[PDB]
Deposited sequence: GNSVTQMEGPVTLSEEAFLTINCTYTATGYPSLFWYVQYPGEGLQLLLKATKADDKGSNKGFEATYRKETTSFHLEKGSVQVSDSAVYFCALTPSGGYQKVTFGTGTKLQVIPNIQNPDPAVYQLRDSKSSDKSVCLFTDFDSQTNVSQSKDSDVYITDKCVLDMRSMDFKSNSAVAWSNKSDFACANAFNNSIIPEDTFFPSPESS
């Protein structure tokens, strides 16, 4: 028994259509599953299909057990930023009396649609202090934050959701110990 699913990270924009391909090779008539792994958590059953032509659905996702093409492709009509996780296609013989065969897992990154992008670089002073940091914020999701030398540290982008205002933003942080360190050049 084997499970082969789509490799490499998948990046989609908010509300885009998602398709994660999964094909299997099985001895008889196995039970098929999708597991989801949210960042910093364990796996949890997303959905399943016990028999051919059965359709599992949960959290707006669906997968059809196609016996004709030995496949269990995952699909979602409108992805959300909260859908960012690792998805695992899996199979086990009927009854659950045997071990599960997992696919390698597909990392899904859902990037927000920034309505009014206004890239800005700000300097932040320490509350206790003479330490400072740079914040790159409010840029669109197609902006690639460039990596740093070992004296200047730059994080990757991260998505923040200010629900209180139905607002999402991207940000990255830069900091250094060098005396000649300006925010204007950091990013």
item: Deposited positions lacking CA coordinates; value: 1, 131, 151, 191-207
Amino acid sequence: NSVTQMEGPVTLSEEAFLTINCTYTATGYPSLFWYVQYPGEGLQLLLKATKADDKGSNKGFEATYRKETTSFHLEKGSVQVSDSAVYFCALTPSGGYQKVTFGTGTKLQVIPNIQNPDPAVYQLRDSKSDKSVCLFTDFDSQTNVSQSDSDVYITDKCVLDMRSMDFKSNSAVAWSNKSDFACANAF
From here on, numbers count along this sequence of modelled residues.
{"property": "Stretch with the greater mean C-alpha B-factor as recorded in the entry, comparing 72-80 against 94-102", "result": "94-102"}
{"property": "Selected stretch [higher average CA B-factor]: 168-176 or 20-28", "result": "20-28"}
{"property": "Most elevated Cα B-factor in the entry, residues 147, 44, 141, 137", "result": "147"}
{"property": "C-alpha B-factor winner, where the candidates are 37, 155, 129, 123", "result": "129"}
{"property": "Entry-reported Cα temperature factor of residue 161, expressed as the chain third it lands in", "result": "lowest"}
{"property": "B-factor third for the C-alpha atom of residue 60 within its chain", "result": "middle"}
